[PDB]
Amino acid sequence: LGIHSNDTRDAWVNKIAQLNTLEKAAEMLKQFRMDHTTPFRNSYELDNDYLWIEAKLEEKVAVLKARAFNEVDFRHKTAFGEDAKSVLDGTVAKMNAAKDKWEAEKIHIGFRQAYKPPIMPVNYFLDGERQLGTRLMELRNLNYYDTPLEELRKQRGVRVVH
Amino acid sequence: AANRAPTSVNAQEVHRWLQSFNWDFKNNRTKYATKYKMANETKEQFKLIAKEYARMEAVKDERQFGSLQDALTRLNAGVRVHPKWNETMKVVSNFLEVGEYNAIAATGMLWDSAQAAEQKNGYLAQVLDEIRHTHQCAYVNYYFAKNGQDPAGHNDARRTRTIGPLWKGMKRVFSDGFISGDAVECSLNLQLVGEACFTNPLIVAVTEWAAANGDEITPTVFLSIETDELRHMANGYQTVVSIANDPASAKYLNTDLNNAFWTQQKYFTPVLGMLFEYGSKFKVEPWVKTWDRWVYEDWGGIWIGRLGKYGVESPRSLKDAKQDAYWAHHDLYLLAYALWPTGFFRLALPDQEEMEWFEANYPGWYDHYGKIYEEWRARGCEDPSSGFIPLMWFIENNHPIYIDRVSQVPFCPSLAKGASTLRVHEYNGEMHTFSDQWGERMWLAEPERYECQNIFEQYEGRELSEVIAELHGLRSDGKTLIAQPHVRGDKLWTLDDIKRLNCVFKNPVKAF
Amino acid sequence: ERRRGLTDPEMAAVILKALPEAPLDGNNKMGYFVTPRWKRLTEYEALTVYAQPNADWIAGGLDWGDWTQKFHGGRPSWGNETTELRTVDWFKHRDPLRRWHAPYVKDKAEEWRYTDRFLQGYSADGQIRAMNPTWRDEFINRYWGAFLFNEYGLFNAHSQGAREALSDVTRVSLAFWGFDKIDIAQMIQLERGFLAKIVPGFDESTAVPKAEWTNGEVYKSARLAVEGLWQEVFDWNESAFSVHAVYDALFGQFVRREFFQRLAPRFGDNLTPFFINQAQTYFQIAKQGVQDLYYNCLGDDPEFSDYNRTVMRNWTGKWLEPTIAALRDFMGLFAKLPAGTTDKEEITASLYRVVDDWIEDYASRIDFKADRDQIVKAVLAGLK
Amino acid sequence: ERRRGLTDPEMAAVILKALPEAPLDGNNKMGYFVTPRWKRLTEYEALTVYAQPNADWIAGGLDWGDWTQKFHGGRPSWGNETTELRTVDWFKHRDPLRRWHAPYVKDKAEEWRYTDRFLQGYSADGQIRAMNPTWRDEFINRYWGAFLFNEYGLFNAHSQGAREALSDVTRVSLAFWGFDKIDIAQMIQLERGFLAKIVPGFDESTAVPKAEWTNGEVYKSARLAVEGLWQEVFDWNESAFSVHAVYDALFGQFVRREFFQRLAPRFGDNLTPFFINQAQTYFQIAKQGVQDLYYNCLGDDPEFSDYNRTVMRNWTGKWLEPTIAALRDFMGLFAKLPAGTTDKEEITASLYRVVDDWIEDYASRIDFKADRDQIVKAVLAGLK
Amino acid sequence: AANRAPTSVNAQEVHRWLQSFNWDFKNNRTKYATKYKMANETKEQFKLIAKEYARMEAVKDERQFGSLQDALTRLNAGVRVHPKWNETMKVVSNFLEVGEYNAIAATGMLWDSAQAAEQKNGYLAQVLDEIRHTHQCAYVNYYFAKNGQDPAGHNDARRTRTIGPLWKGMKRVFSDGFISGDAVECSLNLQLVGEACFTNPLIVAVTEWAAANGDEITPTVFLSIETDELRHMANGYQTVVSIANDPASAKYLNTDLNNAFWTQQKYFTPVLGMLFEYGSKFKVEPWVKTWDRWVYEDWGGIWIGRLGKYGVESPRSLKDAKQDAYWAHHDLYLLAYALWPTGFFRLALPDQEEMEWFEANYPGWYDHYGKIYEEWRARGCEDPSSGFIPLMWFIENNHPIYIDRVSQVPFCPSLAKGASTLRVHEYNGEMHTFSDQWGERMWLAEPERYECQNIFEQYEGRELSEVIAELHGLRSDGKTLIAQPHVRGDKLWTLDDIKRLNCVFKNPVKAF
């Protein structure tokens, strides 16, 4: 099947069409992100279509969220009902408490998988990108070339096939 | 009548108070992640105001469009250009177009990063310049499509570019590298390295080769673009000056610079050499000579040397870059040609004079590349009735073609006269192929920044003609391919010629 | 000497010999695949649409696959995640004035040179002679000068948008909206610099109007709104919509058109209106684009109209309060005017013009129920 | 098809072969023999000076002999007999703004396109709303409208000079002086045309303002002076000098700058000033050229200074009387203004501005003894 | 914000009321003597106002100057032109320049004549257009002077043109013919005949000859001039329309038209064909064909035919003009070449290919002119050490050269292949020489209109070199003449070379 239209994309818009509550839509979107996005994804089976499928899931969550939430909540609460500012602050605080670059990447990557809009409001999320990215880079870019590749491969945990 | 001398106010007189325009408030800070602190009080070189900026650019436009619309059109300049160059310009103008475009967003980011009004103002002019450049490159393709010998590709590169592998690498250096990362790293990719090392000399060199090949359209536009570049160099220099007196600079600047340098050269070293030497009839200068002057001497030496007082030093990967350079462009054209059905331009095998030129300038060229091209011609690579695509030769001779997960540059280790290094890792259920130690470290350290799907992963198990068809790789007759393995006027390949070959893509890493 | 292939007999002959008999494709129209907004594809569209290399996963994108290099953490170069608004196609937008770089700098350059000739004429003509000194010295220098910072802040509010816009057509419109704002800030200073040249003792330093902006009362809430729109908003659409369809449409329009443009003439001042003419011309030009993007494309989106209107009504409410606060503090400036300059009746009618225009041009477009009397009364509350 | 010598291999080969080694003369400067007014020869001078084929018998001519064909009776094509003024060289004049055709039309085009945008902005901004209906319907429509005929008459006064001018440099300045006048007349009509489009019931027909000009009291002596300057003067220099350095410098400057530009703002009218700004910019541009020709070149001629000043003083006296009568009748317009619009103290101050400006810029340059009080009092006699 | 749609006003909306701008007063009448009455309700075809006029032309200028300054300069277009054509343009651009110049004054006179505001307005656009054209022709000479192969003459034609006899005739048709006489006669010389019959088709023809000879500068400028010409022909047509319903028209129009037609053709018939055929290397079309198409067909047939409804008839002198036309240009070049030291440009004898071309298109050319040119070359006319100037051959062979008192056109009745007419009259102590029946009547009926001193009268008794020196006919070295009998870069004639010949002018009429 094709690049821009295929059986798997088709299967997914059908499943997305069945979501009828903000909670089930938001849960499916979050589960999708844990299962199919970032180098930590649970599976690479949807590598060619996940980016587009995710966007379709986001549309459903967005639409349901705007209907469900009052104006203040649309601005300040996550799709799951959490206070965005509290999540932002606590996540950044964990990032700033990270003892090394390995703990740091897990916090940033995980934050993205769980709160990316339409879960967390964009204003809070991008403020998080601003703060989280800063610390991640400060930690990663310090003495960037000191670890030999043989050791860095082991730190990352790759299976070297060569 | 009246009394009082006619008087007015100029740009400098207003700019004198521009630094004072920004004011203090708690949240007056950049919205982007960065390890650096751009000093407020940082000044800019060009004392411009919006109105004077428009005036200076308008005069240039007047000249440019005047030439294009009047004399050059009367001279049929869009037609009287070598077929090979007409094709090269599809790639040169549209690929440069995306760099101009992403550079608008990059400088918007830099404008956001800067806290001093003058520094923001310097980046702002570049924001407007890059919009100008986007429209200029767009105009070059528009003109060649409107008045040239082959509009296909020139007329739809914005969508036909997506079929091929060379485009992915262009997005790395001139799109994503310009906007995704610490604002400073982006500035290094864009200004300090991209513009100062490659674009600035490239734009003028392009006018040289164009002129040699009968093209007077490109010099008219590109020479106008180059007049704005000085201000962009200043912006890059100012980026370093702005962050240099902060403790973060000593810790991070040189690694961001080294990473940006490697990033830019990894693509331009083989690609530009390829476009010049293989996309022209008349040659201006061998790329080995050009690269050494541009990167090693001009940039690597003099330009960077002017930044030493701010703690900047020569990229630690420069030596590696020079070593890998020599054969890089020759190695790449073999792949570009082998994969000709995936392009949006027409390619030619080097003719007898060129092969002689190549051998004279690169001893051993003929034994390796020359013989291969002769074999491909014998197999019928130019003829629609052969049922032969050079990719078939790669398969028959066990020569897998990989795509670097980081730079996106295609490489064939088992064949290459250059690098020949290959690193394959498996991580969390996916395999990744690297072509060098620098990009390998980038992925190992930042795997979440490099997840780009390659041509073989996306096209896996697909038959070639169906990919070309779905992605609109056809000319207006709806059957003849836009891309071709020769630049002659007939014996053009069609979709059906491709379909009969039954070429089905495979992900090469699966062999492991 | 260099030999050019177009004119060198040897090289041209080689070139001519290689040419085909006729073009290899008859379709000589570059962006022929772009859906034209008007009867026939325009140059503005051909040169602009699809310049942005978005993949299909960002609504309307023609490319495929992920970006090649993302931010540390994984944030995409451009992504749906940067704005609450959704659409079937980000490339739908069209600046009704069709401005690409060339016509934009062309017009601005005409305004610049004519500005230069006008000032040369004004000074030679001695028209300054009948300008009221109190108006010039207090009102133009301090209060109009203070407004420069408002426009400058509005200009800066666009920085993130220049980086995050999800399409070429939107990016180009956005950049021009922002560039016109800095231009206006610079024209306010240019006027002050001109007065310094033709009026002895007039100080062009921004010290006074800056102190008025940062510490005065009349522009207090104005500055608070601006600082907010610029630095507290991280959504490029929220910034653009709120600045142009709420704050500037109400506060900016009142200040420029209903205060300075309306009153400077009563003090023998045709100088300030010369520059406000440019500001108002620019406001009305941007409006067309703002309406096309937010109403025609987003607010009327075939699949997300309801959603988008909900979000835009939300932003309207969010920014309407600080905007009213801005107008309210500004009412304080009337008390400083020489006795007999205006009266409450004229101020009230001027307030209604701004509110009524805003309701017809913006509020009504997304079904935002604005109460004109309620808004005017709230503002009038600050008169002294 | 058409083979071009610059690109055709065979043809270019032939041309290239015939070419010399280097240029046959190193003096690559066209107009090198012209005496520069400034540091170095300018493009303006090179492209203009000596284009007129005058023989040595018309001061400064480089040619020789009679004209080849003269008028029936024998009148020369161009001759000394067409003006009382005499000079050592008719080619001395230089427009200080250095305008040849290209820069002149470039600037006017900028003004035209910006005017269009301004009007689009003004109408879209609803700025007419605060314009006083009486000022709009009576003063702009009838009185400012009537002034179009004054500028049109002044434009027409230039026809003979376009035919009789004795040098290229004077001819180009003269044509541009006249072309700006017709432009102003058209801008007055343009405004009336704009008002007709945005104001229901406003009639753009020229019947009303034309009847005011041809039958009213306010512009009677103005029309009389215009009719004389245009049709009763057969000396091209008397015409240009008396129009620009007497009549328009006094009456025109009063009406444009001291009445309309000064008062229109008091009626919420920024529309008329937008156009008057163009008229005043044009007036000040023309002044520099008028001053260079009549004072720097003619009045200060090394051989004919005293003679030319005697003649110019004669013309000043000749035309000052009808100019004062023009101003006197115009004073009647003040009584038609709404009570409290202006007063005798402001009017007197404005008259003195015009008169003093005229004495400084024109009268004094030729030693013409003007009595500022006598002139102002003579004019004020038509007020009360 | 808004309340009301954006609105403006265009040229036509303002033009609707322009006719009403003029008002009634006793002395509202033309200041110029005229037999006609231009109807005061006359309308104009182009509904323009000053602002829109300026914009229209500004757009044209930016295109033109853009081409000249950018592409054409980059292409070294000022240099890569045939030497003969470089010389031809010194004459073509400067001579046309005076036409544009006097046309400014002519339209000023016409604007004064017209009583209808609209008619005045039309003439006014032309006043400005002719100013544009003056600076345009000036720019062509300026550009060739700055960037070309031989600046002399291009750089000072405004004073060096005064040395030669061809300039006198140019002033009759394009200077005095445009401004001295009844305004209507001037309009017929300028618009109805000059522009409609000659200039309009000529300007375009010049660009074709220029293009054939490698000149891309002239096309860029002259093609721009051409865009304004239709407005002027509308002015000429309108002149006829405005005076046609008055009794004076039937009495005088066809006479003024006939006089204007003969006046213009008398100069252009021989001069244009000479400049084209002898001033070029590559030939576009034989003048005999061109002349017939332009004058007999296009103008005398179609163009004139359109004015029939106003009582206009083909000039009564047309058949005579055709009779005298055939050899006119050939006859004149002999004279221009013989008098080469009096020019401000370099002339060449026809080469062998041209001689073949001339005989092919003009049977009988070779045995007359060919023989003469061969004899002159044999005598060393191209060699500075020869001591020979063709004027000497005329003196030796008893072929006096005369100057027509009316048209100023030089003629040699005793040698001419064309007209041999010669009428010499003595009147009140002075003799006058005529070359045709039409000009003779003009002088007899209007002697005071025609008193132009000819070169033999002015230079009588003077040695050639003294005349050339006094009138600055030298190059910057102060020794070499601007004019030359060949177009080669070596062996250029010197002032001393001319002085050594001791050629002293004689008034030919003193032989009677």
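To keep things simple, chains are lettered A, B, C, D and E as they appear, and every chain counts its residues starting from 1.
Here, contacts are C-beta pairs under 8 Å (C-beta built on N, C-alpha and C of every residue); 3 or more make two chains touch, one makes a residue touch a chain.
**Q** What chain sits nearest the middle when you go by CA atom centres?
**A** Measuring from the global C-alpha mean, the nearest chain centre belongs to C.
**Q** Using C-alpha centroids, which chain lies at the maximum separation from chain E?
**A** Ranked by distance of C-alpha centres from chain E, the top chain is A.
**Q** Which of B-C, B-D or C-E has the same interface as D-E, meaning more than half of the contact pairs match by residue number?
**A** Among B-C, B-D or C-E, the interface that shares over half of its contact pairs with D-E is B-C.
**Q** So the centre of each chain is just the mean of its C-alpha atoms; given that, what is the distance between chain B and chain C in Å?
**A** 33
**Q** Which integer distance in Å separates the CA centroid of chain A from that of chain E?
**A** Whole-Å distance between the two chain centres: 81.
**Q** List the centre-to-centre spacing of chain B and chain D in whole Å, with centres computed as mean CA coordinates.
**A** Computed from C-alpha means, the inter-chain centre distance equals 56 Å.
**Q** Hunt down the residues of chain D that sit against at least two other chains at once, touch-wise.
**A** 4, 6-7, 12, 16, 109, 111, 113, 120-121, 124-126, 129, 284, 287, 357
**Q** Which chain E residues sit where two or more other chains touch them?
**A** If we look for residues of chain E contacting two or more partner chains, we find 1-3, 6, 65, 75, 80, 216.
**Q** Going through chain A residue by residue, note those that touch at least 2 other chains and give them in order.
**A** 3-4, 38, 105, 109, 126-127, 129-130, 132-133, 136-137, 140, in rising order.
**Q** Would you mind giving me the full set of chain pairs in touch?
**A** Contacting pairs: A-B, A-C, B-C, B-D, B-E, C-D, C-E, D-E.
**Q** Give every residue of chain B touching chain A within the complex, in rising order.
**A** It comes out as residues 30-35, 182, 248, 251-252, 255-256, 316, 422-431, 437, 440-441, 444-448, 451, 453, 457-458, 466-467, 470-471, 512.
**Q** For the complex, which residues does chain D have touching chain E?
**A** 2-6, 11-12, 14-16, 18-21, 23-33, 46-48, 50-53, 62-78, 100-102, 104-106, 108-109, 111-113, 115-116, 119-121, 123-126, 129, 148-149, 152, 156, 159-165, 168, 171-172, 175, 179-180, 182-183, 185-187, 189-190, 193-194, 197-198, 204-206, 210, 213-214, 227, 231-232, 234
**Q** Can you name the residues of chain C that touch chain A in the complex?
**A** The touching residues are 55-59, 64-66, 71-75, 80-84, 86, 232-235, 238, 304, 306-307, 310-311, 314, 317-318.
**Q** Could you please specify the touching residues of chain E with respect to chain B in the complex?
**A** 62-72, 74-75, 216, 219-220, 223
**Q** Which residues of chain E touch chain D in their complex?
**A** Of all residues in chain E, those touching chain D are 1-9, 13-14, 17-18, 20-25, 27-29, 31-33, 49-55, 57-59, 61, 65, 75, 77, 79-83, 97-98, 101-102, 104-109, 111-112, 120-121, 124, 127-128, 131-132, 134-135, 138-139, 141-142, 145-152, 154-156, 158-159, 162, 168-169, 171-172, 175-177, 179-182, 211-216, 263, 281-282, 406, 408, 446, 448-453, 458, 472, 475-477, 487-489, 492.
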